[PDB]
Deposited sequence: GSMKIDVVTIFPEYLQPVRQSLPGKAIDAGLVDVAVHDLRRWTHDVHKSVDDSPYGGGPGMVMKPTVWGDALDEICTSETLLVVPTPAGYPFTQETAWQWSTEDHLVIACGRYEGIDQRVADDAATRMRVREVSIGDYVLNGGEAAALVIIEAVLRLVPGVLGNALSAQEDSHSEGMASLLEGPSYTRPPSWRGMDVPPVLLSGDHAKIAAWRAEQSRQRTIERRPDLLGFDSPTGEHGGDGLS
């Protein structure tokens, strides 16, 4: 039984995930919250200029503080997607998949005032993470990736994998490698292992060192 709350100024961005959940809600619950619910002024401000100057805006600690105060508990794992985070990996997804309550705080502009995470970390577990070495406009797409990578590891919803093939055996001048049709399953395994090695050398030499 996992609950996921997402907080974002673009709640519509997350509709897809909710629409991808199968009739297993009848194990999981994913709720999306508009951050502007916790604003204080009639202009519904979520952003303000950075101390020390610089470009862009920083998300207000008073707004985020109120939102997390309402949504989080002592048992919550607070996930903050950010290009400045620790790497989110399959290992991370596996770890988080057994959590009872994930809260994902999606930032925009240049990030959330650091005191939000720092305050939260005094009473719950907080994880600032990056899904890869690129910059997005906001954390919403990273939240989608995280939610998908974690939930597909919840029961009931080294080397690279080599090429796969299905019917027909010949297509546009290209035959499926005959070994796959050979019925020699020891040999097929060895062939696949070698394909995996070559692909990894070529595309991800970092994985071999």
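- Stretches of the deposited sequence absent from the structure, as judged by C-alpha coordinates, are 1, 28 to 30, 162 to 178, 231 to 244.
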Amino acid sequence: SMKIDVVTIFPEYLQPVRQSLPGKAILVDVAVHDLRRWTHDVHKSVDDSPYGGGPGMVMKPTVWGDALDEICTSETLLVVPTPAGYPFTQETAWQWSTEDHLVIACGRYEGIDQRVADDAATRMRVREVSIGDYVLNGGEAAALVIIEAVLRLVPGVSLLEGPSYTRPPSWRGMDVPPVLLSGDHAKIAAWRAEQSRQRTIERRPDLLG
From here on, numbers count along this sequence of modelled residues.
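If you superpose the two forms and keep the largest set of C-alpha atoms that fall within 1.5 Å, you have the rigid core.
- RMS Cα deviation from the shown model in 9 other deposited structures of this protein, rigid core fit, is larger for 107 to 115 than for the other stretch of the pair 107 to 115 / 82 to 90.
- Rigid core superposition in 9 other deposited structures of this protein puts the Cα atoms of one stretch, out of 148 to 156 and 175 to 183, farther from the shown form on average, and that stretch is 148 to 156.
- Across the other PDB entries of this protein whose models span the neighbouring residues, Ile26 goes unmodelled in a third or more.
- Looking at 13 to 21 and 186 to 194 together, the entry lists the larger mean B-factor for 13 to 21, computed on C-alpha atoms.
- Across the two stretches, 112 to 120 and 71 to 79, the PDB entry reports the greater mean Cα temperature factor for 71 to 79.
- Ranked by C-alpha B-factor against the other modelled residues of its chain, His43 falls in the highest third.
- In the deposited entry, the Cα temperature factor of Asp29 places it in the highest third of its chain's modelled residues.
- Looking at the C-alpha B-factors along this chain, the one for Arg36 belongs to the middle third.
- When the modelled residues of the chain are ordered by their C-alpha B factor, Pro61 lands in the lowest third.
- When the CA B factors of the chain's modelled residues are split into thirds, the value for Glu128 lands in the lowest one.
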